[PDB]
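Undergrad: The structure's right below; bear with me while I get my questions together.
Every residue, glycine among them, receives a Cβ derived from its backbone with ideal geometry; neighbour counts consider all protein chains shown. Bear in mind these aren't lab numbers, they're just calculated from the coordinates by the rules spelled out.
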There are 2 protein chains.
Amino acid sequence: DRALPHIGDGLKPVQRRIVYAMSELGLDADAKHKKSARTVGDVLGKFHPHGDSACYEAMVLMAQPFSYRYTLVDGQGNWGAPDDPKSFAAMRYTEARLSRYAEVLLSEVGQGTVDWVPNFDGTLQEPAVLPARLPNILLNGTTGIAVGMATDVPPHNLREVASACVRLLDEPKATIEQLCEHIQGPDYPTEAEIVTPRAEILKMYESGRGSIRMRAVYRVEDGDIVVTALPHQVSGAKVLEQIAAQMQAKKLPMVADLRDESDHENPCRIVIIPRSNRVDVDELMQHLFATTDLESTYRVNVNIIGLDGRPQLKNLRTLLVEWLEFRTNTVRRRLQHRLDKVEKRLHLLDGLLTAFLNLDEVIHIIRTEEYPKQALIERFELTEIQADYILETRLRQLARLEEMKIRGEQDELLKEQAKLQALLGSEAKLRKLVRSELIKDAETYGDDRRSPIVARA
Amino acid sequence: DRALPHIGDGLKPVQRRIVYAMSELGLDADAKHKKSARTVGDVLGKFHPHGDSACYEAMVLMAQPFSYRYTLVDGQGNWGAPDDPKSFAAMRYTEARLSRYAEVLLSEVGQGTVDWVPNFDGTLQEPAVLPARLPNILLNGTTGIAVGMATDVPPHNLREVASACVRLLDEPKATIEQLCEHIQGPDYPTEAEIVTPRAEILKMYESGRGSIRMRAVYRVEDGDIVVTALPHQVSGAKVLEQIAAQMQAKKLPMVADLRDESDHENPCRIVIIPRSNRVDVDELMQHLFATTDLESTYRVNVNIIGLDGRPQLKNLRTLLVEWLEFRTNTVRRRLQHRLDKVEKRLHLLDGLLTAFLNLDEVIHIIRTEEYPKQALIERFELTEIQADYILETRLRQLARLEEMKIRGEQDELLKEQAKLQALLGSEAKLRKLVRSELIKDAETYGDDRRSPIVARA
Ligand SMILES: [Cl-]
Ligand SMILES: [Cl-]
Ligand code: NA
Ligand code: NA
């Protein structure tokens, strides 16, 4: 009974339901925050009918910027703090709406891009996989208490991953090293350094399995060592217990005192005070990195669910080539979906035009005929769909009808129709559209690398 | 932090929210059952944002016919059994819709009868008190684990209570004894007998405080004593433990064996097997009634919340006179509400008629005027409301307009308007309407007395 993330949008059922539930409640990034309970209530009633705690815990995690590399929920109130991600207030107090980044997963939902599946009682439908515009699987990875999970995917930089996709679109046979010219490695939500060598980072992407080793970043100010950023999910308080324990065992005669000076706005500020300005700082820290959580490791095992529905230990190339296949399939359905709405709209205008051109008579037929609909159909050779649309027309909407506005919209649609057939008519034109959107989206939603990679940056 | 029932509809906030939530989800008695979770989810998200357990427990209680004298929820699945009302399945399995009786509390909700109050976060509104058509306060009383509660009101027969209301409407000064010519006493959901004397039942209604003593009903078949109905909320299994314990203490040499033969359809069937057909049955049972739960007592303390918002220990007369005041106020607003919709409708027809009588010109003005709305207003002396309604008219709706249908509906409404002004114009005409509805409603939703009162029936 373990959940594995889907390559498509990088989500597990728990997560997918919370976000879908929220976009259905209209809680997008432009909406006003609504009490968390409202969202939990919907998820509980419509999608996962077990409990308020299971759901809300996964939801709080999405709103924590130190848990998710790209948050999916924008939260107001107490949504926990860095050293204890469990100190979140009850759901009756916190308020939530979706993230701006959430748009990456949801903007294309109503455009025939999703495979709908019945919910738990068959009364509503839910998305099987969200139409992600960027590979959230690598961007956010597997977030939360990682010791329980078998599958581990670290987070990545959105812009680096997007550039690697561009590369595959241009050079379909680009090897993994070539993809690593753009993707430096993982990118965690912390200024801490990844010290794994480039050669090992490369093998991890070739294999799908490996290890990442991060290291806290420090500076010196007034002779005191100040750690400004810790490895991912490392408790600053736990680090102090560890150093303090060594002080008790007479292993740190060079350490005088420790102080946790992190405040509201400054999340990490652990001060290690040396016995004197004659203490070798770099020698001390090397020891602390080897003996405390100031240097911690992370597992990698990209065993995820693919488009064929079965799991696979996927290396970076295998994963991105497959994600691009998912993305192009998605964009193809988005265009097909639109083309259908354009063609239904052209059919209505073709009917509406005829009605406008014979409007005097149309209004006469409507006011003086036992069967008005069936009379217009026989007279002006209209389909039933055209006839209904004419009869649904209100008198205020009848006032605004102008022959040129009808032919003007009819022109726009005929050319938008030509554009869509050209895009669906060749793989080459899709590819450029996908490439074009990967680049805009990267500009819109992307950010600078946070965790530096010592082996490169 | 204790909840007291409101005289108006006899509900506490917990209860009121669950039913309102359910009628808002469209789960009335004509709708299809929907998974209990859906309802719990709404209550949790919109009205009481604490938990799935608190809400669902109160909800299960409403669906149990052996807990509520008049159930408010019709449930499918395992909604617990008589000897253990806690053996209900999880909310992801059970299904629920409202009761037929629920109509008594909800049919008048959308008719300006309720005082709306903001919900917990000020985003929606909830009813302060439901517009009950019958005094649910006495009909259902205070249901659930009564040891925790300070306020206790036993259930009553709907038809008996309705007749007492009629009596107060006819004889406003009718004394409590006179009200007791109709209300025999409490009426629990069990065939068991109430053995409290009539004189004490009378003092309890005069006081608002007292005690009810019920007794299990039995018959003899093939020499074995068969208890067919137990006092309210008495566990058949607990009774057997009690008798068995006496057998261990050598107090029942006349008792040979005990058997719980209750099945799916037969809720109570406890067989006490005497040592021989020579055992005095009535002498044995008298002893068991005095020494076991086969005869149990119930407290009464009608300390409820009145229309003035403050609590009061209310005797039967005080309570019913006040409930009738609530009922007439409710019906008065229901009529006022309707009268307003009739008058708005007459205003639209007055405008629609003029438009039909000058339709050739109206359609011309609509097709050839820079400002159509503002032109009709100046031409035919129409209010803005009338003008909008004309312009909203669809072409299919324009085909069905016939001068006689407009004047025909205009006649009906002018006479319905006259009826409503006559009812609101005197207390005497309201009273008869209230009386008339109390009687129909009693016929529709009422049933025979279940718990016989030995002192009378
Ligand atoms: Cl796992
Ligand atoms: Cl109480
Ligand atoms: Na792990
Ligand atoms: Na009590």
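Undergrad: Could you work out, residue by residue across B:353-366, how many beta carbons of other chains sit within 10 Å of that residue's beta carbon, and then give the average as an integer?
TA: Per residue, the average neighbour count from other chains is 1.
Undergrad: For the range A:208-301, compute the orientation-averaged projected area of the C-alpha convex hull (one quarter of its surface), in nm².
TA: The directionally averaged projection comes out at 6.8 nm².
Undergrad: Residue farthest toward the positive end of the dipole of the protein assembly as shown, with Cβ of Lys/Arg at +1 and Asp/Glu at -1: which of B:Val117, A:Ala422, A:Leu240?
TA: A:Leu240
Undergrad: Let me ask something additional. Report the trypsin sites (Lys or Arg not before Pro) located in the range B:198-272 that are in a DSSP loop and have at most 14 other Cβ atoms inside 10 Å of their Cβ, or state none.
TA: Hits after loop and neighbour filter: B:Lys250, B:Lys251.
Undergrad: Continuing with the same structure: Diagonalise the Cα gyration tensor of the range B:1-144 and give the resulting equivalent ellipsoid semi-axes, square root of 5 times each eigenvalue, largest first, whole Å.
TA: Its equivalent ellipsoid spans semi-axes of 22, 17, 15 Å.
Undergrad: Here's a follow-up. List the distances, in nm to one decimal, from the label point of A:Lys32 to the label points of the same position in every other copy, shortest first, placing each label point 7 Å from Cα along the Cα-to-Cβ direction.
TA: In nanometres, ordered from closest: 3.6.
Undergrad: Averaged over peptide B:31-38, how many Cβ atoms belonging to another chain are found within 10 Å of each residue's Cβ?
TA: Mean partner-chain Cβ count within 10 Å for B:31-38: 4.
Undergrad: State the Cα centre-to-centre distance between the range A:1-64 and the range B:152-229 in whole Å.
TA: A separation of 52 Å, based on Cα centres.
Undergrad: Now for a separate question. Going by the rotation axis that takes chain A to chain B, pick out the residue of A with the closest C-beta and quote the gap in whole Å.
TA: A:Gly41, 2
Undergrad: B:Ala54 label points, 7 Å along Cα→Cβ, one per copy: pairwise distances from this copy to the rest in nm, shortest first?
TA: 2.2
Undergrad: Within chain B, what's the longest run with no GluC sites (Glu not before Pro) in a DSSP loop and at most 15 other beta-carbon atoms within 10 Å? Give the range, please.
TA: The longest such stretch corresponds to B:1-180.
Undergrad: Would you mind working out the magnitude of the charge dipole of the protein assembly as shown relative to its Cα centre, with +1 at each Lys and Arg C-beta and -1 at each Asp and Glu C-beta, to the nearest 20 Debye?
TA: I would put it at about 920 debye.
Undergrad: Between A:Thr328 and B:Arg269, what is the label-to-label distance in nm when each label sits 7 Å out along the Cα-to-Cβ direction?
TA: Here the answer is 7.2 nm between the modelled labels.
Undergrad: While we're on this one: Using only the Cα atoms of the range B:269-376, each taken as one equal point scatterer with no solvent, compute I(q) by the Debye sum, divide by I(0), and report log10 of the ratio at q = 0.15 Å⁻¹.
TA: -0.86
Undergrad: Charges on Cβ only, +1 for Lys and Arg, -1 for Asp and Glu, centred on the Cα centroid of the protein assembly as shown; of B:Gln312, A:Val19, B:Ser23, which one is farthest towards the dipole's positive end?
TA: B:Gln312
Undergrad: How much length would be gained if the chain were fully extended between B:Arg100 and B:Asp308, taking 0.36 nm per residue of separation minus their Cα-Cα distance, in nm to one decimal?
TA: Value of the extension gain: 71.9 nm.
Undergrad: Given label points at 7 Å from Cα along Cα→Cβ, what nm distances, shortest first, separate A:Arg379 from the same residue in every other copy?
TA: Taking the point 7 Å beyond Cα along Cα→Cβ, the inter-copy spacings are 2.2 nm.
Undergrad: With unit charges on the beta carbons (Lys and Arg positive, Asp and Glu negative) and the dipole taken about the Cα centre of the protein assembly as shown, which residue among B:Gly8, B:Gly51, B:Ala216 sits farthest to the positive side?
TA: Farthest along the dipole direction, towards plus: B:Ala216.
Undergrad: Percent of Cα-Cα pairs per 20 Å bin, from 0 to the last occupied bin, for the protein assembly as shown, please list those.
TA: Values per bin, smallest distances first: 11, 27, 30, 24, 8, 0.
Undergrad: As a quick test, which of the pairs A:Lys341/B:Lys34; B:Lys173/B:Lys440; A:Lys373/A:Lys405; A:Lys173/A:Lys314; B:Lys12/B:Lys341; B:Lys344/B:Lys429 have an alpha carbon distance above 27 angstrom in this structure?
TA: Pairs exceeding the cut-off: A:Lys341/B:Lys34; B:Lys12/B:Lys341.
Undergrad: Which loop trypsin sites (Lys or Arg not before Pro) in the range B:1-38, with loop taken from DSSP, have no more than 12 other Cβ atoms within 10 angstrom of their Cβ?
TA: B:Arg2, B:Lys32
Undergrad: Let a ≥ b ≥ c be the square roots of the eigenvalues of the Cα gyration tensor of the range B:339-425; is it rounded (a/c under 1.5), or, if not, prolate (a/b larger than b/c) or oblate?
TA: Verdict is prolate for the range B:339-425.
Undergrad: When a/c is below 1.5 the answer is rounded, else prolate if a/b is larger than b/c, else oblate, so apply that to the range B:115-175 with a ≥ b ≥ c taken from the square roots of the Cα gyration tensor eigenvalues.
TA: oblate
Undergrad: Calculate, in nm to one decimal, what B:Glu241 and B:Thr297 gain on full extension: separation in residues at 0.36 nm each, minus their alpha carbon distance.
TA: Gain on extension, B:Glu241 to B:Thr297, equals 18.3 nm.
Undergrad: To continue, here is another question. A:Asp360 versus B:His33, label points 7 Å from Cα toward the beta carbon: distance in nm?
TA: Going by the 7 Å Cα→Cβ label model, 6.5 nm.
Undergrad: Just tell me how shielded A:393-403 is by partners: mean number of partner chain Cβ atoms within 10 Å of each residue's Cβ, no decimals.
TA: 5
Undergrad: Let me ask something else about it. Per residue of the range A:250-258, what does 6.51 cos²θ - 1.76 cosθ + 1.60 with θ = phi - 60° give for ³J(HN,Hα)? Whole Hz please, x for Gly and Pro, Karplus curve as stated.
TA: Listing the rounded values in order: 6, 8, 10, x, 7, 9, 9, 7, 9 Hz.
Undergrad: If amide H atoms are built 1.01 Å from N in the plane of the peptide, which residues on other chains or at least 5 residues away come under 5 Å of the amide H of B:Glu126?
TA: B:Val117, B:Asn119
Undergrad: Jot down the per residue volume, in cubic angstrom and as a whole number, of the convex hull over the alpha-carbon atoms of chain B.
TA: Taking only Cα atoms, chain B has a hull volume of 191 Å³ per residue.
Undergrad: Ok, one more. Set the Förster radius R0 to 60 Å, insert the Cβ-Cβ distance between A:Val220 and A:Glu171 as r into 1/(1 + (r/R0)^6), and round the FRET efficiency to 0.05.
TA: 0.85
Undergrad: Please give the length that would be gained between A:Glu416 and A:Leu4 if that part of the chain were fully extended, namely 0.36 nm times their separation in residues minus their C-alpha to C-alpha distance (nm, one decimal).
TA: Stretched out fully, the A:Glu416 to A:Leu4 stretch lengthens by 144.3 nm.
Undergrad: Ignoring everything except DSSP H segments at least 4 long, calculate the 222 nm mean residue ellipticity for chain A; use -39,500 (n - 2.57) per segment, divide by total residues, nearest 500.
TA: -14000 deg cm²/dmol
Undergrad: How high is the FRET efficiency between A:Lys432 and A:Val147 when r is their beta carbon distance and R₀ equals 51 Å, given to the nearest 0.05?
TA: 0.70
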